[PDB]
Amino acid sequence: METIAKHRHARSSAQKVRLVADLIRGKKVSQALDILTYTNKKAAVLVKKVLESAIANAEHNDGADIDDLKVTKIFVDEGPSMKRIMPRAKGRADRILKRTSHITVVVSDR
Amino acid sequence: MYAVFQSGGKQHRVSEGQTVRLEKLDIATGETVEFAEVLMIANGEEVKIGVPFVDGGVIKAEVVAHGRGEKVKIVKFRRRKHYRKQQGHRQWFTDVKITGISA
Amino acid sequence: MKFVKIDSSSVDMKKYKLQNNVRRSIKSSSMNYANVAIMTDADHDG
Amino acid sequence: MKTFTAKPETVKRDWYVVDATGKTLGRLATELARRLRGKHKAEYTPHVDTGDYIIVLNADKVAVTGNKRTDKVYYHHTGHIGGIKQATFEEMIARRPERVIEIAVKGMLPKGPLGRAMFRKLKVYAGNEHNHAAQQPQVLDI
Amino acid sequence: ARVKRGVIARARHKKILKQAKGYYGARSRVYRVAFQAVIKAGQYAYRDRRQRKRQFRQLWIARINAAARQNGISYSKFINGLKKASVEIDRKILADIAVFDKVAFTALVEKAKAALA
Amino acid sequence: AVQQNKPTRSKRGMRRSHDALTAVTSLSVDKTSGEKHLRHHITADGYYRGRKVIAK
RNA sequence: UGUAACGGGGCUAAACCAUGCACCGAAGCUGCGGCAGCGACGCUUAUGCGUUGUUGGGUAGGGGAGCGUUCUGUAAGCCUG
RNA sequence: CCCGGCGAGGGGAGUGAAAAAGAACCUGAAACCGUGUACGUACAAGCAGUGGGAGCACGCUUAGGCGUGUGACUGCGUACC
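The deposited coordinates, according to the entry record, derive from cryo-EM at 3.6 Å resolution.

In the annotation of the PDB entry, chain D is listed under the name 50S ribosomal protein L13 and assigned to Escherichia coli. Readers searching the PDB will find this entry under the title "70S structure prior to bypassing". Its UniProt record gives chain D the following Function comment, quoted word for word: "This protein is one of the early assembly proteins of the 50S ribosomal subunit, although it is not seen to bind rRNA by itself. It is important during the early stages of 50S assembly." Taken directly from UniProt, the Subunit text for chain D runs: "Part of the 50S ribosomal subunit."

The PDB entry annotates chain C as DNA topoisomerase small subunit originating from Enterobacteria phage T4.

Engineer: How should the environment of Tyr24 of chain E be read in this particular structure?
Structural biologist: Take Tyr24 of chain E: it is sitting in the loop between α1 (8–19) and α2 (31–70). Sequence spacing of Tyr24 of chain E and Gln43 of chain E is 19 residues, and the spatial spacing of their C-alpha atoms is 19 Å.

Engineer: Just to check I follow, could you spell out the sheet that holds strand β8 (residues 93–102) of chain B for this structure?
Structural biologist: Two strands in a sheet stick together by hydrogen bonds in their backbones, pointing the same way (parallel) or opposite ways (antiparallel). All names here are of chain B. Across the sheet, three strands lie side by side as β3-β8-β5; this open sheet has antiparallel pairing. This sheet does not close on itself; its edge strands, each paired only once, are β3 (19–23) and β5 (58–65). Taking the axes of each pair of neighbouring strands and ignoring which way they run, one obtains an average angle of 45° across the sheet. Pairing geometry for β3 and β8, over five bridges, is antiparallel. Across the sheet, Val20 pairs through a bridge with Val96, a residue of β8.

Engineer: Quick question: what am I supposed to make of the arrangement of the chains here?
Structural biologist: If you rank the six pairs of chains in contact by how many contacts each has, first place goes to chains B and E. No part of chain B reaches chain C; the closest C-alpha pair between them is 35 Å apart. Without any contact between them, chain C and chain F keep their closest C-alpha atoms 18 Å apart.

Engineer: Can you help me understand the protein's contact with RNA strand H in this one?
Structural biologist: With respect to spatial proximity, 44 residues lie near RNA strand H, and among them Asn57 and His60 of chain A together with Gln36, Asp48 and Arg52 of chain E are the closest. Considering RNA strand H, the proportion of its atoms within 4 Å of the protein that are sugar or phosphate atoms stands at 77%. In this structure, a sugar or linking oxygen belonging to RNA strand H sits 3.2 Å away from a main-chain N or O atom of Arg8 of chain A. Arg12 of chain F is positioned such that a nitrogen or oxygen atom in its side chain is 3.0 Å from a phosphate oxygen of RNA strand H. Elements with a minimum of two residues in the surface near RNA strand H: β1 (5–7), α3 (42–59) and β2 (70–85) of chain A, β6 (72–78) of chain B, α5 (113–121) of chain D, α2 of chain E together with α1 (9–15) of chain F. It is α2 of chain E that contributes the most residues to the surface near RNA strand H, nine residues altogether. For the surface near RNA strand H, the residue count by class is twelve nonpolar, ten polar and 22 charged.

Engineer: Sorry, what's going on with the packing of helix α3 (residues 75–85) of chain E against helix α5 (residues 102–116) of chain E here?
Structural biologist: Residues and elements named next belong to chain E. The geometry of α3 relative to α5 is characterised by a closest axis approach of 8 Å and an angle of 70° between their N-to-C directions. With respect to α5, the element α3 is oriented roughly perpendicular. Crossing geometry of α3 relative to α5 is assigned as left-handed. Each of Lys77, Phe78, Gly81, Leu82, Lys84 and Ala85 in α3 lies in contact with α5, whose residues at this interface are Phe105, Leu108, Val109, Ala112, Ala115 and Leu116. Split by residue class, the contact of α3 with α5 holds nine nonpolar, one polar and two charged.

Engineer: Whenever I open this one, the interface of chain D and chain E confuses me. Can you help?
Structural biologist: Many structure descriptions define interface size as the accessible area lost when the parts assemble. Residue-level contacts link 13 residues of chain D with 13 residues of chain E. A per-residue breakdown of the area chain D buries against chain E is headed by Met1, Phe4 and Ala42 of chain D, which together make up 47% of the total. Here chain D and chain E share zero salt bridges between them. In this assembly, chain D and chain E are joined by two residue pairs in polar contact. Of the residues belonging to the side of chain D that touches chain E, the class tally is five nonpolar, four polar and four charged.

Engineer: Could you clarify how one ought to interpret a positive patch on the surface in this entry?
Structural biologist: Together, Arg18 of chain A, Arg29 of chain E together with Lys6, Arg9, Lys11, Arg12, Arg15 and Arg16 of chain F line one region of the surface with positive charge. Here the element with the most residues in the positive patch is α1 of chain F; it accounts for four residues. As for its position among the elements, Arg9 of chain F is in helix α1. On the accessibility criterion, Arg9 of chain F (52% relative accessible area) is exposed.

Engineer: I tried to follow the interface of chain B and chain E on my own but got confused; where do I start?
Structural biologist: The interface of chain B with chain E comprises 20 residues on the first partner and 20 residues on the second. Regarding the contact of chain B and chain E, the summed buried area is about 1,800 Å², with carbon and sulfur atoms giving 63% of it. Where chain B touches chain E, the interface holds one salt bridge. One salt bridge in this structure joins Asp96 of chain E and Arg13 of chain B, with 2.8 Å as the shortest N-O distance. For the side of chain B that touches chain E, the elements supplying multiple residues, two or more each, are β2 (11–14) and β6 of chain B. Sorting elements by how many residues they give to the side of chain B that touches chain E places β6 of chain B first, with six residues. Of the residues belonging to the side of chain B that touches chain E, the class tally is eleven nonpolar, three polar and six charged.

The rules we used
- Residues numbered from 1 in each chain as written, not as in the entry; some residues may be left out.
- Chains lettered and ligands numbered in written order.
- Part of a larger assembly, values for the part shown.
- Heavy atoms only, no water.
- UniProt positions renumbered as here; feature names shortened; annotations may be inferred.
- Helix = DSSP H or I, 4+ residues; strand = E, 2+ residues; numbered from the N terminus.
- Pairing = 2+ DSSP bridges.
- Axes fitted to C-alpha atoms, helices over the stretch in contact; angles between N-to-C directions.
- Contact = heavy atoms within 4.5 Å.
- Near = heavy atom within 4 Å.
- Polar contact = N/O pair within 3.5 Å; in protein donor to acceptor, adjacent residues only side chain to side chain.
- Nonpolar A, V, L, I, M, F, W, Y, C, P; charged D, E, K, R; others polar.
- Parallel < 35°, antiparallel > 145°, perpendicular 65-115°, else oblique.
- Left-handed = near helix turned anticlockwise from the far one by under 90°.
- Buried area = accessible area lost by both parts, 1.4 Å probe.
- Salt bridge = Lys/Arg side-chain N within 4 Å of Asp/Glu carboxyl O.
- Patch = residues over 30% accessible without salt bridge, like charges linked within 9 Å, V, L, I, M, F, W, Y side chains within 5 Å.
- Areas by Shrake-Rupley, 256 points an atom, 1.4 Å probe, with all protein chains shown as cover.
- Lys, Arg positive; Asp, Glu negative; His and termini not counted.
- Charge placed at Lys NZ, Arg CZ, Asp CG, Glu CD.
- Buried < 20%, exposed > 50% of the residue type's maximum accessible area, 1.4 Å probe, protein only.

Here it is, written out as structure tokens:
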């Protein structure tokens, strides 16, 4: 069943985040949380908080049924890139990009 | 039963009751045709020539459609010489069906 | 009335264009002036 | 119409054998390549391999015309320093005779996957015996 | 009066790219590239439509020359016997016979030798 | 340096093959509490092999 | 730098000389079909044609015929929730 | 109301013709980035295509084919100004 969830305007690079996603696809719910918890990245905490919400976003808003549940569609799509300067030698500046990644999670029994 | 003949100056092999797409002609849509140009005939036994046609060699078909062929894109390009060109084409064809065969 | 913060990225932008054109333009032959020593050897006037 | 073209599934291949004793090298291999390429059949498709399995035997007995036995040379390079190695026809027979027929055919065949394919068809032996009987060698000579 | 071109440029580009559908990488996406890829593709066509008639007519011969030898004669002499026997059959239909019907082709070869004798 | 021309997206896609993460794919269950924890590492509550230590 | 001064295999003819008959092979010629330009023809008679032949690679360049965007009048009309 | 740090962001409910009108808020193209599915790809050398050309998977249909996607193998071929 549906009840997706998403996080937007995060501060992180979709590339980085995109590593965690591969570790969970088609997988049972509970395993992920166990996988993410003992995984070490700045993103695991981030993405996990979302996934935690999708479930809670279900039972209140729909038929619940956690013990039989799955992660079907997860993906990442980059968001805005903020523009900043880090100066350099000789007087030249450089445009640096703080990159942001939208997130989407689809959790279903099937 | 398969035989052979000329139509547009290029030969075709054929059997009874099957369609063929060949060069444009001037005819009625559904009327009929013949051919005295048969080069060879075949069957469980063989009949062929030492001279064109055969003897009484004959074929009969029934015209169907005059429709136009599928488009082509034609180009002339020359690198660095400031010359390029574009041309299209569609080739006429006639579709027929074989009525029967005879010696 | 319900506006999103203020995005000053355009500030660092205008500073980048301004900073980049300033040096890149008036810095002149400093890369080359320094290269000038190199310029006096790498040349081979023959 | 659309002229006929062979299909791998519909292919029918076959086995053949040759005794190279007394044969002339070059004039032998050309026929061996004709077979493997399929130009001897009616259905030949250039992008398909219609060739028939061949088994040479008693290659060491092969002969050549003139002084090429002590003259004709083989060359191969190791990809090192520029170092090169050469071996005479005489030598190669006393050591790796199977290479000879296994080489000359290659130069007479196309480069690319296909030429490597039909080359897999061929089997050579310096002796008069082969263990491939089960597939049967309906005999051939030339 | 003033003119704005934002639109009929899309037309051109979109058209081209459609013809560039399937090509690899930047050649199927950017216009500044595909434009020279298609214009080059065409002049292979204009070049190919010429030579395919060479490809088949060097194939059809190869088909034949085998079967001839399979009947114990060589391509060249086989033809000449027909031209002496007054047979106009094209090489296209002929080769097609050797694949399907062996009889006629076989039964035919004796013709040449007969007249060519 | 000076890349003479730019690589593809497919290329770098291959460069990043081995860069992929490897999952732990193993956990434990406490000899008493039944909690989930790594091998050789303590539980959040501090239980290690059924023994209580930290009590914090 | 590595066979290396036959393209390579390989060739005592699959080399050279002489003689001869076939065959292959170009977008060349011919065959079928189509488009356009030019000229005479007699009708036609800014036109059907009948044809009859012939032409039609092309840069700098010259001439001719054209596609399509905006705006204006035709339009207080036409299409359109 | 729920998740969430008595955040951000989000999902429900609800308004509203329309949240494919939610503040960054009419339309929302391309480069660029990703998920998903069919096909192909780990003995295969080079403007990356074209011509041919299996096999595979689909949608049609008719009942025998027609189409779309891919594209194994092969001839040729060294971009633009």
